[PDB]
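# Results of the structural survey
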Amino acid sequence: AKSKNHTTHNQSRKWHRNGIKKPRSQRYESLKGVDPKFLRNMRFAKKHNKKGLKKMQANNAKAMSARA
RNA sequence: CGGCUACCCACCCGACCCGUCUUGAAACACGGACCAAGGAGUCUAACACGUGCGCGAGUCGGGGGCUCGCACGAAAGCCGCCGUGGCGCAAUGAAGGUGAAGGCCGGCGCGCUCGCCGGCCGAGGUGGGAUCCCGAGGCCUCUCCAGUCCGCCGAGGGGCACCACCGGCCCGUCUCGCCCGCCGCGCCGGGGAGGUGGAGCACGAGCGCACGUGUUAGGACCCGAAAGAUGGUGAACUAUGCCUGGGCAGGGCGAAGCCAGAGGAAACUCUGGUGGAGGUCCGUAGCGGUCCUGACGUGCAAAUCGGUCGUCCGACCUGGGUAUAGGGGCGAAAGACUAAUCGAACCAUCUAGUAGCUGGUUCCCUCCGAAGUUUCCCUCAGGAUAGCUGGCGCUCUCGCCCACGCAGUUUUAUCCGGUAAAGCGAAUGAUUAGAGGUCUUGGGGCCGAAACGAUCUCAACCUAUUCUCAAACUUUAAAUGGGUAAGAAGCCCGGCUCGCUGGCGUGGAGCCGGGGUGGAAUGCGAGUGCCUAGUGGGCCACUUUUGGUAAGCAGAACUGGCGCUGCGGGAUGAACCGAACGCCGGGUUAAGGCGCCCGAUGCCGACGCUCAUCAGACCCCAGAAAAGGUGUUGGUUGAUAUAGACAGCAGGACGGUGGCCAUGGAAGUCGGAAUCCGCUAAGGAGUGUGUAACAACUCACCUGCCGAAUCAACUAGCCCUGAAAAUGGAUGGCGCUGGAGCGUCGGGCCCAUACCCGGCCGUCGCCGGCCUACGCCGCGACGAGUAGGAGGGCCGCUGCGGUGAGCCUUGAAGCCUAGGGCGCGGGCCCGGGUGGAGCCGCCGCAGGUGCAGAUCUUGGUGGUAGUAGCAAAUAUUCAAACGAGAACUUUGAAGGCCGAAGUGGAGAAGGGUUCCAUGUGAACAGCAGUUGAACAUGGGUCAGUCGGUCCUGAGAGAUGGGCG
RNA sequence: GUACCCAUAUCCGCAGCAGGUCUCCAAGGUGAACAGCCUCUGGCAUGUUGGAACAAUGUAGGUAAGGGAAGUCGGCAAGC
RNA sequence: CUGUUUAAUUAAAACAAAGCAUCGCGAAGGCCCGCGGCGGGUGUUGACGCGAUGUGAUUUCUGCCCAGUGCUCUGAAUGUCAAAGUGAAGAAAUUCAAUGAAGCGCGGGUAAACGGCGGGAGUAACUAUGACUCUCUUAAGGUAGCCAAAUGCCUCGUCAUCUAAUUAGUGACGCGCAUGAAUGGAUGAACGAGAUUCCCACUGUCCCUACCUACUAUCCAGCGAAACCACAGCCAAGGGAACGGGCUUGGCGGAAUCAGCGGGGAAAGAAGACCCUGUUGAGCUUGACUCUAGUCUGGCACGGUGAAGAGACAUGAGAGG
RNA sequence: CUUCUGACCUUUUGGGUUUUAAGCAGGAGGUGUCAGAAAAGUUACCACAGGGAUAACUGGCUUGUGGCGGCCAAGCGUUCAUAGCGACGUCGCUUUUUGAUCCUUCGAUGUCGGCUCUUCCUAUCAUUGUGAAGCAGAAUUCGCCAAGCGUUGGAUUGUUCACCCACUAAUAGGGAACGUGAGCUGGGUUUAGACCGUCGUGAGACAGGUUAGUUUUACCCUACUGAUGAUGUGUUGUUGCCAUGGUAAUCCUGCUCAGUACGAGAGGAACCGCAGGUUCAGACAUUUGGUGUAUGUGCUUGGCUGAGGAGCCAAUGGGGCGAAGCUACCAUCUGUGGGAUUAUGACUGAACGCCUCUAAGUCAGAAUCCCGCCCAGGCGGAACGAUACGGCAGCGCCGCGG
Ligand SMILES: [Mg+2]
Ligand SMILES: [Mg+2]
Ligand SMILES: [Mg+2]
Ligand SMILES: [Mg+2]
Ligand SMILES: [Mg+2]
Ligand SMILES: [Mg+2]
Ligand SMILES: [Mg+2]
Ligand SMILES: [Mg+2]
Ligand SMILES: [Mg+2]
Ligand SMILES: [Mg+2]
Ligand SMILES: [Mg+2]
Ligand SMILES: [Mg+2]
Ligand SMILES: [Mg+2]
Ligand SMILES: [Mg+2]
Ligand SMILES: [Mg+2]
Ligand SMILES: [Mg+2]
Ligand SMILES: [Mg+2]
Ligand SMILES: [Mg+2]
Ligand SMILES: [Mg+2]
Ligand SMILES: [Mg+2]
Ligand SMILES: [Mg+2]
Ligand SMILES: [Mg+2]
Ligand SMILES: [Mg+2]
Ligand SMILES: [Mg+2]
Ligand SMILES: [Mg+2]
Ligand SMILES: [Mg+2]
Ligand SMILES: [Mg+2]
Ligand SMILES: [Mg+2]
Ligand SMILES: [Mg+2]
Ligand SMILES: [Mg+2]
Ligand SMILES: [Mg+2]
Ligand SMILES: [Mg+2]
Ligand SMILES: [Mg+2]
Ligand SMILES: [Mg+2]
Ligand SMILES: [Mg+2]
Ligand SMILES: [Mg+2]
Ligand SMILES: [Mg+2]
Ligand SMILES: [Mg+2]
Ligand SMILES: [Mg+2]
Ligand SMILES: [Mg+2]
Ligand SMILES: [Mg+2]
Ligand SMILES: [Mg+2]
Ligand SMILES: [Mg+2]
Ligand SMILES: [Mg+2]
Ligand SMILES: [Mg+2]
Ligand SMILES: [Mg+2]
Ligand SMILES: [Mg+2]
Ligand SMILES: [Mg+2]
Ligand SMILES: [Mg+2]
Ligand SMILES: [Mg+2]
Ligand SMILES: [Mg+2]
Ligand SMILES: [Mg+2]
Ligand SMILES: [Mg+2]
Ligand SMILES: [Mg+2]
Ligand SMILES: [Mg+2]
Ligand SMILES: [Mg+2]
Ligand SMILES: [Mg+2]
Ligand SMILES: [Mg+2]
Ligand SMILES: [Mg+2]
Ligand SMILES: [Mg+2]
Ligand SMILES: [Mg+2]
Ligand SMILES: [Mg+2]
Ligand SMILES: [Mg+2]
Ligand SMILES: [Mg+2]
Ligand SMILES: [Mg+2]
Ligand SMILES: [Mg+2]
Ligand SMILES: [Mg+2]
Ligand SMILES: [Mg+2]
Ligand SMILES: [Mg+2]
Ligand SMILES: [Mg+2]
Ligand SMILES: [Mg+2]
Ligand SMILES: [Mg+2]
Ligand SMILES: [Mg+2]
Ligand SMILES: [Mg+2]
Ligand SMILES: [Mg+2]
Ligand SMILES: [Mg+2]
Ligand SMILES: [Mg+2]
Ligand SMILES: [Mg+2]
Ligand SMILES: [Mg+2]
Ligand SMILES: [Mg+2]
Ligand SMILES: [Mg+2]
Ligand SMILES: [Mg+2]
Ligand SMILES: [Mg+2]
Ligand SMILES: [Mg+2]
Ligand SMILES: [Mg+2]
Ligand SMILES: [Mg+2]
Ligand SMILES: [Mg+2]
Ligand SMILES: [Mg+2]
Ligand SMILES: [Mg+2]
Ligand SMILES: [Mg+2]
Ligand SMILES: [Mg+2]
Ligand SMILES: [Mg+2]
Ligand SMILES: [Mg+2]
Ligand SMILES: [Mg+2]
Ligand SMILES: [Mg+2]
Ligand SMILES: [Mg+2]
Ligand SMILES: [Mg+2]
Ligand SMILES: [Mg+2]
Ligand SMILES: [Mg+2]
Ligand SMILES: [Mg+2]
Ligand SMILES: [Mg+2]
Ligand SMILES: [Mg+2]
Ligand SMILES: [Mg+2]
Ligand SMILES: [Mg+2]
Ligand SMILES: [Mg+2]
Ligand SMILES: [Mg+2]
Ligand SMILES: [Mg+2]
Ligand SMILES: [Mg+2]
Ligand SMILES: [Mg+2]
Ligand SMILES: [Mg+2]
Ligand SMILES: [Mg+2]
Ligand SMILES: [Mg+2]
Ligand SMILES: [Mg+2]
Ligand SMILES: [Mg+2]
Ligand SMILES: [Mg+2]
Ligand SMILES: [Mg+2]
Ligand SMILES: [Mg+2]
Ligand SMILES: [Mg+2]
Ligand SMILES: [Mg+2]
Ligand SMILES: [Mg+2]
Ligand SMILES: [Mg+2]
Ligand SMILES: [Mg+2]
Ligand SMILES: [Mg+2]
Ligand SMILES: [Mg+2]
Ligand SMILES: [Mg+2]
Ligand SMILES: [Mg+2]
Ligand SMILES: [Mg+2]
Ligand SMILES: [Mg+2]
Ligand SMILES: [Mg+2]
Ligand SMILES: [Mg+2]
Ligand SMILES: [Mg+2]
Ligand SMILES: [Mg+2]
Ligand SMILES: [Mg+2]
Ligand SMILES: [Mg+2]
Ligand SMILES: [Mg+2]
Ligand SMILES: [Mg+2]
Ligand SMILES: [Mg+2]
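Residue labels reflect position in each chain's written sequence, counted from 1, rather than necessarily the entry's numbering. Residues lacking coordinates are not shown. Written order decides the labels, with chains lettered from A and ligands numbered from 1. Although these chains sit within a larger assembly, the values stated refer solely to the portion shown. The basis for every side-chain value is the complete set of non-hydrogen atoms in the structure, without hydrogens or water.

- Per the deposited record, the coordinates in this entry were obtained by cryo-EM to a resolution of 3.4 Å.

- The PDB entry annotates chain A as 60S ribosomal protein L29 originating from Homo sapiens.
- The title assigned to this entry in its PDB record is "Human ribosome nascent chain complex stalled by a drug-like small molecule (CDH1_RNC with PP tRNA)".

## Examining the protein's contact with RNA strand B
- Any residue with a heavy atom lying within 4 Å of a molecule or strand is counted as near it. Residues in close proximity to RNA strand B total 41 residues, the closest being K4, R40, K46, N49 and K54.
- Considering the 4 Å shell around the protein, atoms of RNA strand B inside it are sugar or phosphate in 71% of instances.
- At 2.7 Å from a phosphate oxygen of RNA strand B is found a side-chain nitrogen or oxygen belonging to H6.
- Going along the chain from the N terminus, every DSSP run of H or I of four or more residues is numbered as a helix, and every run of E of two or more is numbered as a strand. Those elements giving two or more residues to the surface near RNA strand B turn out to be helix 1 (12-15), helix 2 (36-52) and helix 3 (55-67).
- Under the scheme applied here, ten amino acids are nonpolar (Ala, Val, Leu, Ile, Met, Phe, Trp, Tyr, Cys and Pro), four are charged (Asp, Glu, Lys and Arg), and all others, including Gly, are polar. Split by residue class, the surface near RNA strand B holds nine nonpolar, 17 polar and 15 charged. Polar contact is the term for a pair of N or O atoms within 3.5 Å; when the atoms are in protein, one must be able to donate a hydrogen and the other to accept it, and sequence-neighboring residues count only if both atoms are side-chain atoms.

Below is the structure:
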């Protein structure tokens, strides 16, 4: 009662049927796992961007449109 | 005259018997004698997903009620103040409980990491994103003005679905914090800011019906066990008691008791009779069954027969009645017997019990098409999980100087490794040998009373060297290989925000706006989701490799193949070498081959080698080495030959010197040291022949005749030796020798389903037409296939609603058919003949729906075959009769057997009319029959005194009683 | 109740199956005898068929010159 | 010894058996059955009996071990000790303590109860063998006997006899792998359908076969099946699932047959009884696991009357260091 | 599941207070078969579903082990490497030893040994023909062609093997599914009974020993043996031929040769021949012996026919003789030559001016081989005979024409 124990034959020819493609990798990669201190920085950074970035950036857009 | 045909026959070539387990099937693996009918994935519940329909934040009457009692009405219809209820619309906590809105602007409180107020909008934002919109400019017959109208658009705008990310909100917890509320001021509530767990929200998509697939529970694809439980039936065989009856020829051995005689003093002894005891001896019936391992062994028989046997007054044999009943009985004990069954009887039910295990698993065509691997399991014949497959789609991309994305690939850069190899005078580990040196000893020798007093030697040590190694060593270090990059997600500029960081407006991230896509080669359409079958027993080949002596052995790596696969070669084959398959006509080739089987060299083919008394003849491959050859053929390196070798013929083979060792010979000749010189042409102070010794003689050495190559080693091609196995045999055979062998090649030639060209069918894709739009044509690329999956079937069987002014007694169904056809088929249509009363087409619908098998079930018939076989116990013959008919019936005669423990005369149990007569001879009697126990008709069993009835026995059984 | 078989053909054994089954009566000769053999009373046609011939092998039986276990696991079988 | 047994493979050396032992029990008992009752059986019985075993005539014998394992007797002797009962803490559920039946452990006996019975080293005026001596050691270390046996591996042990020759048979030897005393040892007249060897007589068992009879078998008259059967049946070699009939290449091959014969058809019988797997079972056994009838105890009821003594509690007085 | 810890935690079901219990969060108590069942043995009385995924028997690959060889030459062999051996090493062959593997069969291939019987191999024990020896003769040893023909009788053990006695010319080695069970035998192994020893507390085990223990069927096809036959020649018969197949003869002794050769002697040959024998084959029955049912003859037991006479029955009643026939190595008879050649020995003669058996040529040469002699004669053929009345016929050769 003895059988062939382990092999890796006929494995590459199975793997390359559908193809060994890459893992997609879309834009704006997943941001979990990054440094919590940096993340606590960047969240308040974003919400205060969206808070105070109206007036002076609108001024600078008017200024750069007047220049060009 | 034409004709395909399931008619028959001839011929060439191909051609092993199907189904399944299997890596492998024609297998000396299993199932199948033949034929007809039956025969296997159904139904319900539940779930998931896809599909079709209706309604839609709803939906559903499936439970009831309502209508007159009408076949189809067990239908259908209605309810809505019948929505009770299911599922969903809201999740989350263990629970107490709690429970999804933000954005934009203006202002205030220190706008302070902070809260409040006022207005408006309303599910935030970033990058892609089908579509839509706008549009510079572009183009339509003289020049001006014209409008629709035409179409491409660089670029720009809003942006569906969906994807990716950030931000927001709810609930549970954790951390840090301060403020507010007051049916009552408290170990009371409410709130804030962060990081986390959630099956969440972030404008909802379900519900009902039906169909498909898959999974699970059910007898659940079909058949299959040894078992277990419940409840009953058996002691007619057998086991053992008990009761009541029955049975056992003759003989041999000769105890107790007795008698007589003799002896003795007594005790008692001796001799001859009588006597008839024995779990006693030979042997009959009876009972058993040892041996022949005899006969038989599809028998006479599901345990017999024939010889030969054991025991027969006994623990004997035996009939009837009666008792003991299944985990129980009984057992002189063998686990034997208990109705042909016993190491747990028989019958029915639970029961269609269970099975990871064998066997089977029924119509066609089209398309796609595997795996025998990872992990886990009391897992190792199995399952779950990934991987491989198929189906269903969906989202984009095309068509009208350049795209998106991708890659079993290369290049250009750039990293990584520690194997092949190499290395030890580089570490570690082993290891050979020589040389040099003088510190250290011990040990040898010598000068010496002794002294590192001096010296020689030894080992050890060190120094540079030298030979060989390493999977568990290494400085070095390949080839093959692995990753990344080769641009708009990128550059560059400018600015805002940050509680993070901090000399610094510093760093880093994020956000916003702007600017310029031509950034290696080559090829292609890509991305993505669901469901899920089969698979989880492998094997071979090149190369690299582990264990082993080795294997057609076991175990690995990379790639291919076989399995799942044909075809052309290797004769024959799974795996080899070419090459992969729709059906065909022409041409060409591949791998191979061209004496003849057998298509092609039937070339005035090229060059050489080899003769075998066992030749040789093509990867895998199907038998051979070490060694040797003056067999021949090349080749290498030397040595001789013109001042003549080489072998052949001819001449000699001395002298100082019978030199010396000896006096056994030796005057070169068994043995010993040696060894010079002269003459020459050269002689060896003599190789040997032979006289025991003296001697002729030769060899070494020398010279003539001679005429041109010769000698010695060594090497590799063919061939030979080495070479021996069982039935007679294998380059395939026949054969084959100026080849039909070996090696080198050439020119022609042969052919596979490969390639090309052309036709035809189908699939797929890309379309085209306002012609069954589910049809029609057009274009082009392709078609293999087991397990498996889908699609189509105007394939088929049976039934139901609809329809064909369907079909038929002027002949339907079914059956047969050397008849005519169609389709690639499933099958069908017509003709002809039987046949005698129902049948089909189409659109839907619903199934107990299609046979070769399952040692399938039932029914029938073959081959074997007019065969084996009608043989245990001696045996018949003649005449006559009745009769269609006489080996068997009956009578006579004759000859026989059974031979009184019978083949006789009568009974018990059992059988039930068989008893008897008459009549028949169809079937039965295993041949026949006038016969019978066969069939048909009709008869026969007479009792106070024969027995049952009556009695009790072994026992069985009722009331009283007790238990249940 | 009373027939009949009571068994190599009326029972059981799947049957007209050499199997099995309970008892009584039992002559003459030989002989010890109901031993085996032959007759008599009393039954019977040879046991589910016949004819022709006399091969092998058989199955049952019987002899053998010399030697007497040499055969064979064994004197098994047969013979004394 | 006679007897009996596995009917349908064994006839025995097995079984019983008389004889010998051993054990329980004086009836409110032993040993059993039974679902149940003082229901049955032994029992219509009473130790010369009933019940349960071992051994197996007589004759002669019955050795040594209580360590293990059983069995048994003994005492609340004292550790362990279950319900119920007592007492304490607590609002109570509950908790704790003391007391403590059987049994277990402690102690005694038993081997005609199961069973068991050593190995070294030296040592005698030729060598060997070794009575003796020392040591470790167990509970005891095989005593009387007996043997290459039915028990002895090595093994065809060694010697003698038997035969020409003997792995056989007998007789003796004994540090006997691993003999042995009721697990019975050793003899032993009679008898074994028991097993083995040799001798005499006898013979077809043989050298060596031959013949004869009966019944078949043969042919014919009649009447006639069954097993089995993919297809059918000539061989060599090769390859192949590795030993073809069928494939390939060769050898070759005439219809239809009868009587034989057993080489083949890996013939036919039978889903291998040997082996392995199964998470398939049944017999059995015990110091496997989980239980249970039966049984031994303790408690509570049925369950009463009379007398006496005490353990300890309840109360207070006196001694008490 | 238990246990412990943490919160002024939650729930403890009509509402409260307290005990208790449940819960959240995180630590421990174990699953060593370690992703975790709680677990002893035996079956020879066994059963069931299966496996050739998996042993025992053969077959196949392999050749360590076994057996059989070859090369080199240190030595042994009085001297002397190779007459005969040969270490140290080394290369092979064999499948008759054992082992390895699991490829085939587990819905069965009957398993050891013996008896009988056929054929084959050669790695030759003897015989024929030869060569070499440390071959004087004899007796041996080693080689070559060579498997034609032989290779026995017995005691033991079941044996293969082994060992022994005796014969012999010699007691060679093997294969064919470890040939051969529808041929036997069943002694052993290998069931169920039983005993003994060891082991196990036990059911029981023991390639430890002893003993008793059912061996099935052929009529199918092929093969083989034997017998009818079948095709063509018109029929049919006689006489025959031979293609092909089969093959059988073999060995020893005595007497002369001769106690001669040879040998110091002890010892001791060979050829031709002449007698026989062994083994085998083919016959045959005059003799000898069997057989005996001419049921031939004559005794004889018991019974039967009244008795003598004649007979009969007793599964051929017994035994005494015995015809014919069948038969025996238990009687007798017969068994035979030609050719090419192998091994070897030579001749002539080059290669190689010599030599040489070889290179071309030749010769002698045998139990081998083939044929003769001897068996059977084919989908093989000859030569010859007669070739169909009766009453028409019928049938042949020749000529025809339709
Ligand atoms: Mg596997
Ligand atoms: Mg299987
Ligand atoms: Mg296999
Ligand atoms: Mg097949
Ligand atoms: Mg089959
Ligand atoms: Mg069959
Ligand atoms: Mg049918
Ligand atoms: Mg509601
Ligand atoms: Mg059970
Ligand atoms: Mg039961
Ligand atoms: Mg019952
Ligand atoms: Mg009875
Ligand atoms: Mg007696
Ligand atoms: Mg006697
Ligand atoms: Mg007798
Ligand atoms: Mg008798
Ligand atoms: Mg009997
Ligand atoms: Mg009998
Ligand atoms: Mg028999
Ligand atoms: Mg027979
Ligand atoms: Mg007697
Ligand atoms: Mg039972
Ligand atoms: Mg029975
Ligand atoms: Mg079923
Ligand atoms: Mg069933
Ligand atoms: Mg597995
Ligand atoms: Mg797919
Ligand atoms: Mg490495
Ligand atoms: Mg290396
Ligand atoms: Mg499936
Ligand atoms: Mg599997
Ligand atoms: Mg392998
Ligand atoms: Mg394998
Ligand atoms: Mg497969
Ligand atoms: Mg493939
Ligand atoms: Mg292929
Ligand atoms: Mg081919
Ligand atoms: Mg080939
Ligand atoms: Mg082929
Ligand atoms: Mg073509
Ligand atoms: Mg070519
Ligand atoms: Mg040709
Ligand atoms: Mg050469
Ligand atoms: Mg040849
Ligand atoms: Mg296809
Ligand atoms: Mg009618
Ligand atoms: Mg129709
Ligand atoms: Mg029809
Ligand atoms: Mg129906
Ligand atoms: Mg059906
Ligand atoms: Mg059918
Ligand atoms: Mg089928
Ligand atoms: Mg069948
Ligand atoms: Mg049938
Ligand atoms: Mg039939
Ligand atoms: Mg016959
Ligand atoms: Mg017949
Ligand atoms: Mg008869
Ligand atoms: Mg008449
Ligand atoms: Mg008449
Ligand atoms: Mg008759
Ligand atoms: Mg008689
Ligand atoms: Mg009678
Ligand atoms: Mg009849
Ligand atoms: Mg009549
Ligand atoms: Mg009558
Ligand atoms: Mg009647
Ligand atoms: Mg009267
Ligand atoms: Mg009376
Ligand atoms: Mg009663
Ligand atoms: Mg009467
Ligand atoms: Mg009878
Ligand atoms: Mg009888
Ligand atoms: Mg009488
Ligand atoms: Mg009388
Ligand atoms: Mg008298
Ligand atoms: Mg009869
Ligand atoms: Mg005789
Ligand atoms: Mg005689
Ligand atoms: Mg005699
Ligand atoms: Mg013997
Ligand atoms: Mg006898
Ligand atoms: Mg006699
Ligand atoms: Mg009895
Ligand atoms: Mg018997
Ligand atoms: Mg009693
Ligand atoms: Mg005694
Ligand atoms: Mg004792
Ligand atoms: Mg004690
Ligand atoms: Mg208590
Ligand atoms: Mg005491
Ligand atoms: Mg001594
Ligand atoms: Mg002793
Ligand atoms: Mg003798
Ligand atoms: Mg003997
Ligand atoms: Mg002992
Ligand atoms: Mg003992
Ligand atoms: Mg034939
Ligand atoms: Mg063959
Ligand atoms: Mg092969
Ligand atoms: Mg073969
Ligand atoms: Mg062979
Ligand atoms: Mg066959
Ligand atoms: Mg053929
Ligand atoms: Mg025949
Ligand atoms: Mg036969
Ligand atoms: Mg089976
Ligand atoms: Mg398993
Ligand atoms: Mg059983
Ligand atoms: Mg409560
Ligand atoms: Mg309450
Ligand atoms: Mg695990
Ligand atoms: Mg068990
Ligand atoms: Mg037993
Ligand atoms: Mg296998
Ligand atoms: Mg095998
Ligand atoms: Mg088979
Ligand atoms: Mg068989
Ligand atoms: Mg066979
Ligand atoms: Mg021969
Ligand atoms: Mg054999
Ligand atoms: Mg036997
Ligand atoms: Mg035996
Ligand atoms: Mg036995
Ligand atoms: Mg016997
Ligand atoms: Mg035949
Ligand atoms: Mg001939
Ligand atoms: Mg005579
Ligand atoms: Mg005579
Ligand atoms: Mg006579
Ligand atoms: Mg007389
Ligand atoms: Mg007279
Ligand atoms: Mg007379
Ligand atoms: Mg008479
Ligand atoms: Mg007579
Ligand atoms: Mg003869
Ligand atoms: Mg010659």
